[PDB]
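This document starts with one chain, in the form deposited in one PDB entry, laid out as structure tokens.
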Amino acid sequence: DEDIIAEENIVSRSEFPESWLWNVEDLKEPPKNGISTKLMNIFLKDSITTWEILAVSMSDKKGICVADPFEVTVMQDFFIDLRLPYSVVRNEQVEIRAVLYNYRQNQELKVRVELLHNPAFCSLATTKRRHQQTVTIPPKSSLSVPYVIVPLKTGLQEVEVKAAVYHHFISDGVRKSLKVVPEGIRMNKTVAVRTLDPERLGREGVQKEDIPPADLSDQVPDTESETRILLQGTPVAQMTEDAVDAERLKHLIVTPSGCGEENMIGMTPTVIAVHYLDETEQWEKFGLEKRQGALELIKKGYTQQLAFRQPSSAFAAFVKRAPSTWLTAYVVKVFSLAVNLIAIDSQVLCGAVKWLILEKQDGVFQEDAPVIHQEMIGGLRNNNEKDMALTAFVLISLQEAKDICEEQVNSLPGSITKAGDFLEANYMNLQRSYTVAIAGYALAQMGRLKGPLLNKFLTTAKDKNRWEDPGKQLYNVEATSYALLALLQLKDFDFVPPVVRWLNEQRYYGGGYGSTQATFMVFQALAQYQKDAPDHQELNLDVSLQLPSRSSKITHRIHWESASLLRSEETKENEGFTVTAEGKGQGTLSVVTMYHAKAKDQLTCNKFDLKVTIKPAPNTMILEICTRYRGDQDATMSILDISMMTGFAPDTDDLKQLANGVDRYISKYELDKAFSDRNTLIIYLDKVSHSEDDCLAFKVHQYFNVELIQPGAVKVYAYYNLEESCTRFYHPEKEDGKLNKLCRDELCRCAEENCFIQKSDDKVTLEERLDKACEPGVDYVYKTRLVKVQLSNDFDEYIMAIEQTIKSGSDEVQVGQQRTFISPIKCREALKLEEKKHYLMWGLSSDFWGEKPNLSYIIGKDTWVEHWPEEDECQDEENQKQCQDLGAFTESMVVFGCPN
């Protein structure tokens, strides 16, 4: 119009990020008292709000610093707040609000506001006509403009509202997006839950699970789904027996004294104690500082033991006494186990070894000078199997001193092998549990303990947890210790827990008369048990998916360090697929399909009943609103949000009558506003009944007149929850509040355009009809006779008989057949189609609805509908022109047709 900015010249604001300016800047400017100032140019966004800008600096010499928030408000004198929901359901009529703000101090504004047309939406805004309204916004005020729309296609759709003021250069535009969502309700089905365990549930090490496609019977038509394949690992902590308490070792700290044998007797408990406490790491409860003195004692013992070292690098109780084999071997043992603690001479140990090897022997050891203390040798005391037992002992002492004395002593490996040969040969028929255990551990160090030998080693263990032989219990403890050391060598962790448990149940803490062997061995064995940590059963899964819609193979490696990691693989196709797992460990497979399910129960008005009626009052009408809470108790304080029909406004007296008591409230703000520009209203309820409908009513007057009236709306809800609300629409002209549209199988087309083609402006000719009806767009041209008019509540149906087929297109209708022409009821008066009358009708192919067996026609904006006068009317001279034109039209179209 005049003195206002045109719609096309308005650039709508569209940039509304919740966060931005995710940038990085460096302060390289010349410092001033240590401060470097940086001027940075930025372009503000389109939002009208306050921005909080946060800065964080990181300097090499200053560290991290989080600055105070810097606020920047952005504003205009006049603007649009387009209040859009997060999402809206496809094909559901909703009302949105565009709130126009005028923040000028003392200046009212005459504003024209328009809702832009969008093919993806259905509204009064069409491609031909605009949806405008001229309102007046008072100074320091705001006005609310309701738009009623119907989302047609899903996905991120767009809404755009513009506004311009008269007599001033002041305009604003807002263009925002919203999500359009399928009719159904978000659902997911647990398609599969499978346990993955190839070593346990799989054949030949591989496990194949076949996963079925989801049911999807109640799936909403033309909606996509997403199937999630969720792999996870099952971590299992592997148990460990509690190590013996550190306090229970307080007595093993002994000062060494005596001669060649007693010295080692005093050295054994201390060395084995330190060796145990070091591995189990219990110096914390024992006392960190004490360990030093504990070391001092071991050093002392070693030095004292050096005094009895005969020139042959051997050992005996006394210097004149003949050197003992077992004693020298035991010194080798202890000193070899003590290298990690104190300074041990290589010449001593290895010299002792080379001594022991040549005077070992067949290759098997003979004690030519038995030790004076016969209680320090333990199980070797017995007269039976001297050779085998002594062999096992000395051999073990050799293999323990192998890595140290393999370079100097060259005869070590061969000798170990010869001893091993003898032990291998005569292992069977030993029978004594102690010897079987110690020789078993002697042979396990080589890995030569297999087959029938290993079988005898396993079956000789009574009660599956102990190597027992009639006699002293210390011999059995020593033997069981050796055997446990053997199981720790054979990696047989399935037999270890009972053994260890039995050792712990004996409560034997070493020390005492002839405790030497039983003290050394049980703690060496327990320390080695705490060494070979089994704390986590090995997890290493190889899981390969196999989807039919995928060319290659998706593989997954589940490790221990990332066992809890959720491994998701998504698939848009509803498929049946194959899963193949292999490897050690356990896992879980979860196939879960998200989709959209049709809902019989209504997703709208679940917590509220709302009835809205608009009736002609005895143009003034009566709006009646009846609401009821759908609960066990009454609803608390609630809101009635009423938007007027375009051109209507509530009666003040009725409102004043409502506001007085009666558990209702209308603010002074609402009651003070003039009759003009009062198109929205909020009635507050103190409570709404659940037992029956609470009803109110008031009169609405038409102050402005418009050809197209937009439906008004009523929205009820409780204050504590806006989501649980109900909304109904009302329209004076016959409707259930809903706009005109044609929907089928979740596909709806808008029907709010012109009733047909008028034909009013000037006058129609013969050239006009021939030129228009020959366009490629025009699909059909018929001469019809109105057989029947089916009046309906939504759409009028016009049963027409195709009297003559002037031009045929897609529809292969024959003369005599009938076709139904559908049109909105609002057009009924504009068409004035009477029965027993004839008409010239032509139309587009886009007006078909919907399939050939029951194919109907839609009278749209491009549908030519002209009255065809009867022959007796043609005899009149006034209808002469139209008659000549129509007859000519028929003749030319039938005989000659379109010339292209």
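Start at 1 with the first residue shown and count on from there.
The same protein has a further form, the form deposited in another entry, not shown here; the description that follows concerns it.
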Task: Location of the hinge, rigid-body rearrangement between the shown form and the other one, from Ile806, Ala751, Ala713, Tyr147 - done: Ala751
Task: CA-CA separation of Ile858 and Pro711, closer or farther in the other form than in the form shown [shift of 3 angstroms or more] - done: farther
TODO: With a shift of at least 3 angstroms, figure out whether the C-alpha spacing between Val180 and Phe795 grows or shrinks in the other form: closer or farther?
DONE: closer
